[PDB]
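In what follows, a structure is listed as structure tokens, so that the remarks can point back to it.
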Amino acid sequence: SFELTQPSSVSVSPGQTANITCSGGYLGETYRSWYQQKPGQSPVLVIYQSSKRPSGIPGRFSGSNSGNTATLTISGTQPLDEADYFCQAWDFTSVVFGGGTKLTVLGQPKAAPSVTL
Amino acid sequence: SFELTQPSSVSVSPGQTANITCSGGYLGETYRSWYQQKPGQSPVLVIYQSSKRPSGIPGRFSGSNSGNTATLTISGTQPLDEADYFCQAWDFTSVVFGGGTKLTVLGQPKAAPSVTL
Amino acid sequence: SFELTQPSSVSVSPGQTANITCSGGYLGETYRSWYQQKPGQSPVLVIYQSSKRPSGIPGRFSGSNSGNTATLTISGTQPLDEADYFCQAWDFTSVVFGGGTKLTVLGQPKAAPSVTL
Amino acid sequence: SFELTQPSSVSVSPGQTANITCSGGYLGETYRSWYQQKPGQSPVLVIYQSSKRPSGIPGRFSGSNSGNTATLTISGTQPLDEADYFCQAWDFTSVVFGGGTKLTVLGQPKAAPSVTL
Amino acid sequence: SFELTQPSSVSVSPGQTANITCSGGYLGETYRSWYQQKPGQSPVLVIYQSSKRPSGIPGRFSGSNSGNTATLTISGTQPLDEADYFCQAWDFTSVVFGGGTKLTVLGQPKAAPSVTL
Ligand SMILES: *[C@@H]1O[C@H](CO)[C@@H](O)[C@H](O)[C@H]1NC(C)=O
Ligand SMILES: *[C@@H]1O[C@H](CO)[C@@H](O)[C@H](O)[C@H]1NC(C)=O
Ligand SMILES: *[C@@H]1O[C@H](CO)[C@@H](O)[C@H](O)[C@H]1NC(C)=O
Ligand SMILES: *[C@@H]1O[C@H](CO)[C@@H](O)[C@H](O)[C@H]1NC(C)=O
Ligand SMILES: *[C@@H]1O[C@H](CO)[C@@H](O)[C@H](O)[C@H]1NC(C)=O
């Protein structure tokens, strides 16, 4: 009399857990007394872009970020007055597997009691 | 008398869990006393783009971000006055598997008691 | 009489845990008394970009960051007045496996009691 | 009478744990008395970029950082007045396995009691 | 009568634990009395970049640092007035295994009681 128990427990459980929290805080302003005189505020911003012949990546790749190609990126660059950014630019790119990833899981338990009596 | 038990437990449970929270906070303003004089505010912004011959990626790739090609990006760049951004730009790109991912899961338990009595 | 127990416990559980928190703090302002006179504020910013023939990566790679290609990046560069950034630029790119990653898990327990009596 | 127990416990559990916290502190301002006179503020900033023939990486690599290619990067470079950055630029790139990583885990317990009586 | 117990405990658990904390401190300002006069503030900044023929890395490598290619990098370089950076630039790149890393874990316990009675 016998027992053959093969509780093969094949588990693949890849995954991230995250507690993300922003508190803009407390901005307490009491009796703010102000006298502001700014006549003739005249900013000038000239942006000029010219491209004779650009070209992109011809190969095979998988990387997830802006870097991939030739660009002009401007963000909050020249705020002139009273510009507040609270938890403003949160870029969370959680990638488990990038491009060109191959998963082959093989569980093949074998049980062959060849008993002769 | 025998028992053959093969509770092969093949589990693939990939997935992200996230607690995302924004609190704009408390902006308490009491008796804000103001006298603002800004006559003749005259900003000038010139954006010019010219492209003789651009071209995109001819290869095979999978990366999920704006970077993939040649662009001009402007965002909140020149706010002139009283510009508030609270949890404004949250870009959350949670990718488990990118492009070109292949999954082949094979569970083939085998049980062959060849008993002779 | 015998027992054959092979609780082969094949576990692959790759994943990050993170407690991320921002507190903008306390900015307590009492009786802020101000007299500001800034007539004729006139900034000038000239950005010029020209490209005769750029080209991208022809190889196979997987690295996730802006660095990948020839770019002009401007961010919050020239704030002129009263510019506040609280937890503003949080870039969290948690990558378990990059591009071109291959996983092959093989669990093949074998049990063969060849008993002769 | 015998027992054959092979609790082969094959575990691969690679992963980082992080407690990340920012406290902007306390900026307590009482009776801040000010008289500011700044007539004729006139900054000038000239940025010029020209590229005859740049080229990208033709090899195979996986390194995640801005360094990867020839670029012009400007960030918070010339703030002119009252510019506050609190926990502003947090770049956390937690990579367990980079590009071109291969995992082959093989658990193959073998149990063969050949008993003759 | 015998027992054969091989609790082969094959564990691979590589991972970092980190407690990262920022406290911006206390900036206590009482009766700050000021009289600021700065007429005619006129900074000039000229940035010029020209490249006849640059080229990138053709080999195979996995190194995560900005150093990887020929660039011009500017960061907070010339703040003119009242520029505060509190825990501003935190770059944490925690890499367990870089590019081109190969793991082959093999647990193959063998149990063969060849008993003759
Ligand atoms: C963090 O997540 C855990 C669950 O793993 C939860 O018990 C805890 O309260 C969370 N805290 C926050 C601040 O989200
Ligand atoms: C975080 O998620 C967990 C579930 O895992 C929950 O119990 C907890 O209360 C959540 N907290 C917040 C603040 O979202
Ligand atoms: C950190 O995460 C753990 C769960 O592992 C939770 O018990 C703890 O309270 C969290 N703390 C914060 C501040 O998020
Ligand atoms: C750190 O994380 C641990 C869980 O590992 C938790 O008990 C502890 O309270 C956390 N502390 C902070 C400040 O997040
Ligand atoms: C550090 O992390 C440990 C867990 O290993 C936790 O008990 C402790 O309170 C943490 N301290 C801080 C300041 O995060």
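If you're wondering about the labels, chains in the structure tokens are A, B, ... by order shown, residues count from 1 in each chain, ligands from 1 in order shown.
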
**Prompt:** Excluding same-chain residues fewer than 5 positions from segment 80-97 of chain C, what lies within 8 Å of it counting only C-alpha atoms, as a count of residues only?
**Reply:** 49

**Request:** List all protein, DNA and RNA residues that have at least one atom no more than 9 Å from any atom of ligand 3, counting only C-alpha atoms and all ligand atoms, and write them as a PyMOL selection string.
**Result:** (chain A and resi 18-21) or (chain C and resi 17-21) or (chain D and resi 17-21)

Please produce an output containing C-alpha atoms for each residue in the selection, written as a short mmCIF file (atom, residue, chain, number, x, y, z; two decimals), in the first residue's frame.
```
data_model
loop_
_atom_site.label_atom_id
_atom_site.label_comp_id
_atom_site.auth_asym_id
_atom_site.auth_seq_id
_atom_site.Cartn_x
_atom_site.Cartn_y
_atom_site.Cartn_z
CA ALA A 18 2.88 50.76 -4.75
CA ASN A 19 1.44 53.26 -2.24
CA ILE A 20 1.78 56.64 -3.97
CA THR A 21 0.56 59.74 -2.14
CA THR C 17 7.17 47.21 -3.07
CA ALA C 18 7.36 50.99 -2.53
CA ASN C 19 5.91 53.52 -0.03
CA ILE C 20 6.21 56.88 -1.81
CA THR C 21 5.03 60.04 -0.05
CA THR D 17 11.57 47.33 -0.87
CA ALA D 18 11.73 51.12 -0.42
CA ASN D 19 10.32 53.71 2.05
CA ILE D 20 10.68 57.05 0.24
CA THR D 21 9.57 60.24 1.98
#
```

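For the atom pair formed by atom CA of residue 42 of chain E and atom CA of residue 41 of chain D, the distance is 6.2 Å, given to one decimal.
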
**Item:** Non-local contacts of residue 38 of chain E (9 Å; only C-alpha atoms; under 4 positions in same chain excluded) as a list in words
**Value:** residues 36, 37, 38, 39 and 41 of chain D

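The gap separating atom CA of residue 57 of chain D from atom CA of residue 49 of chain A is 24.5 Å, in Å to one decimal.
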
**Prompt:** In Å, with one decimal, what is the gap from atom CA of residue 103 of chain A to atom CA of residue 11 of chain B?
**Reply:** 13.6 Å

**Asked** Neighbours of residue 105 of chain A within 7 Å (only C-alpha atoms; same-chain residues fewer than 6 positions away dropped), as an NGL selection string?
**Response** (:B and (104-106)) or (:C and (104-106))

May I have the selected residues written with C-alpha atoms, as a PDB file, in the first residue's frame?
```pdb
ATOM      1  CA  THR B 104       3.372  29.686 -24.246  1.00  0.00           C
ATOM      2  CA  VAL B 105       2.389  27.930 -21.008  1.00  0.00           C
ATOM      3  CA  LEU B 106       2.435  24.126 -21.119  1.00  0.00           C
TER       4      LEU B 106
ATOM      5  CA  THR C 104      12.165  29.621 -19.405  1.00  0.00           C
ATOM      6  CA  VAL C 105      11.091  27.922 -16.160  1.00  0.00           C
ATOM      7  CA  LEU C 106      11.125  24.113 -16.161  1.00  0.00           C
TER       8      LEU C 106
END
```

**Prompt:** Could you write out, as a PyMOL selection string, all the residues of chain E that DSSP marks as strand (DSSP E or B)?
**Reply:** chain E and resi 2-5+9-12+17-23+26-30+33+36-37+44-51+61+72-75+83-86+89-92+95-97+102-107+110-111+114-116

Could you write those residues out with C-alpha atoms, as a PDB file, in the first residue's frame?
```
ATOM      1  CA  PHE E   2      14.068   3.990   7.012  1.00  0.00           C
ATOM      2  CA  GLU E   3      13.283   7.633   6.258  1.00  0.00           C
ATOM      3  CA  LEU E   4      14.841   9.575   3.394  1.00  0.00           C
ATOM      4  CA  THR E   5      14.316  13.311   3.841  1.00  0.00           C
ATOM      5  CA  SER E   9      15.940  24.431   0.201  1.00  0.00           C
ATOM      6  CA  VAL E  10      17.157  26.206  -2.922  1.00  0.00           C
ATOM      7  CA  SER E  11      16.552  29.919  -2.380  1.00  0.00           C
ATOM      8  CA  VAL E  12      17.747  32.849  -4.510  1.00  0.00           C
ATOM      9  CA  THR E  17      15.990  47.393   1.312  1.00  0.00           C
ATOM     10  CA  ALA E  18      16.250  51.188   1.660  1.00  0.00           C
ATOM     11  CA  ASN E  19      14.888  53.855   4.064  1.00  0.00           C
ATOM     12  CA  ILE E  20      15.302  57.188   2.246  1.00  0.00           C
ATOM     13  CA  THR E  21      14.166  60.372   3.995  1.00  0.00           C
ATOM     14  CA  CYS E  22      14.325  64.121   3.423  1.00  0.00           C
ATOM     15  CA  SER E  23      13.464  66.786   5.987  1.00  0.00           C
ATOM     16  CA  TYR E  26      13.016  74.786   9.562  1.00  0.00           C
ATOM     17  CA  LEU E  27      13.632  78.170   7.917  1.00  0.00           C
ATOM     18  CA  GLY E  28      12.338  80.555  10.567  1.00  0.00           C
ATOM     19  CA  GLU E  29      12.176  84.170   9.512  1.00  0.00           C
ATOM     20  CA  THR E  30      11.086  86.833  11.998  1.00  0.00           C
ATOM     21  CA  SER E  33      13.232  93.878   7.206  1.00  0.00           C
ATOM     22  CA  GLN E  36      16.294  96.060  -2.119  1.00  0.00           C
ATOM     23  CA  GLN E  37      17.135  98.301  -5.084  1.00  0.00           C
ATOM     24  CA  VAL E  44      23.660  87.932 -20.904  1.00  0.00           C
ATOM     25  CA  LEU E  45      24.190  84.214 -21.571  1.00  0.00           C
ATOM     26  CA  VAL E  46      25.361  82.848 -24.939  1.00  0.00           C
ATOM     27  CA  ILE E  47      25.333  79.080 -25.516  1.00  0.00           C
ATOM     28  CA  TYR E  48      26.633  77.800 -28.870  1.00  0.00           C
ATOM     29  CA  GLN E  49      27.020  74.187 -29.980  1.00  0.00           C
ATOM     30  CA  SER E  50      28.197  72.923 -33.374  1.00  0.00           C
ATOM     31  CA  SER E  51      29.059  69.366 -34.412  1.00  0.00           C
ATOM     32  CA  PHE E  61      27.984  47.198 -23.017  1.00  0.00           C
ATOM     33  CA  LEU E  72      26.344  69.386 -23.170  1.00  0.00           C
ATOM     34  CA  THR E  73      24.583  69.169 -19.796  1.00  0.00           C
ATOM     35  CA  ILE E  74      23.460  72.233 -17.827  1.00  0.00           C
ATOM     36  CA  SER E  75      21.626  72.002 -14.512  1.00  0.00           C
ATOM     37  CA  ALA E  83      17.302  80.111  -5.651  1.00  0.00           C
ATOM     38  CA  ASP E  84      16.585  77.320  -3.142  1.00  0.00           C
ATOM     39  CA  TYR E  85      17.137  73.596  -3.828  1.00  0.00           C
ATOM     40  CA  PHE E  86      16.007  71.284  -1.002  1.00  0.00           C
ATOM     41  CA  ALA E  89      18.314  66.336  -7.271  1.00  0.00           C
ATOM     42  CA  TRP E  90      18.058  62.779  -5.926  1.00  0.00           C
ATOM     43  CA  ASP E  91      19.175  60.280  -8.566  1.00  0.00           C
ATOM     44  CA  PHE E  92      18.839  56.739  -7.217  1.00  0.00           C
ATOM     45  CA  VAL E  95      20.475  47.980 -10.285  1.00  0.00           C
ATOM     46  CA  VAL E  96      20.618  44.397  -9.031  1.00  0.00           C
ATOM     47  CA  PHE E  97      21.725  42.870 -12.362  1.00  0.00           C
ATOM     48  CA  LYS E 102      22.563  35.108 -17.271  1.00  0.00           C
ATOM     49  CA  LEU E 103      21.156  33.114 -14.341  1.00  0.00           C
ATOM     50  CA  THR E 104      20.860  29.324 -14.517  1.00  0.00           C
ATOM     51  CA  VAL E 105      19.758  27.819 -11.203  1.00  0.00           C
ATOM     52  CA  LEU E 106      19.629  24.023 -11.136  1.00  0.00           C
ATOM     53  CA  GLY E 107      18.180  22.100  -8.212  1.00  0.00           C
ATOM     54  CA  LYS E 110      18.410  12.580  -6.437  1.00  0.00           C
ATOM     55  CA  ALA E 111      17.203   9.830  -4.090  1.00  0.00           C
ATOM     56  CA  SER E 114      18.532   0.424  -3.824  1.00  0.00           C
ATOM     57  CA  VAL E 115      17.622  -1.925  -0.971  1.00  0.00           C
ATOM     58  CA  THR E 116      17.904  -5.722  -1.235  1.00  0.00           C
TER      59      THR E 116
END
```

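Nearest residue to ligand 4 among D:16, D:6, D:68, D:1 is D:16, counting only C-alpha atoms and all ligand atoms.
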